[PDB]
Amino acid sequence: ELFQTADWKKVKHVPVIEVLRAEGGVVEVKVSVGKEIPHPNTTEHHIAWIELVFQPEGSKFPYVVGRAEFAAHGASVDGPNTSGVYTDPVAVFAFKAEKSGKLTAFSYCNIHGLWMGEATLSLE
């Protein structure tokens, strides 16, 4: 087939990793799930967390940078989707670094399993 495509079902779930700042080992990395191309956030269906791993070149092992839980999905004493409060599955991880390396991010849908994305961090 000449026409290439992509499953929307997958795209709305991948943790998209975007480096924002990396001047002089001062790094700010944003991860979101469905940035402008959105995944539902209901009491029954939501992204629960995102986790970010970084492995600097010449490091035998990878390091977890941090983890971000998105705790609120509209539940209240009046029923599901009534609180008004919904946490958005975007996180910014700010960290120091002395070398370039690989970034890997993980996310979780409460009904659609575990997901992963990768990206490169080169020190500009």
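Throughout, we count residues from 1 along the sequence that is shown.
- In this crystal structure, the stretch out of 33-41 and 48-56 whose C-alpha atoms carry the higher mean B factor is 33-41.
- Comparing the deposited coordinates for 77-85 and 64-72, the stretch with the larger average C-alpha B-factor is 77-85.
- The maximum CA B-factor among the listed residues 104, 110, 107, 100, taken from the PDB record, is found at 100.
- When all modelled residues of the chain are sorted by CA temperature factor, residue 22 is found within the highest third.
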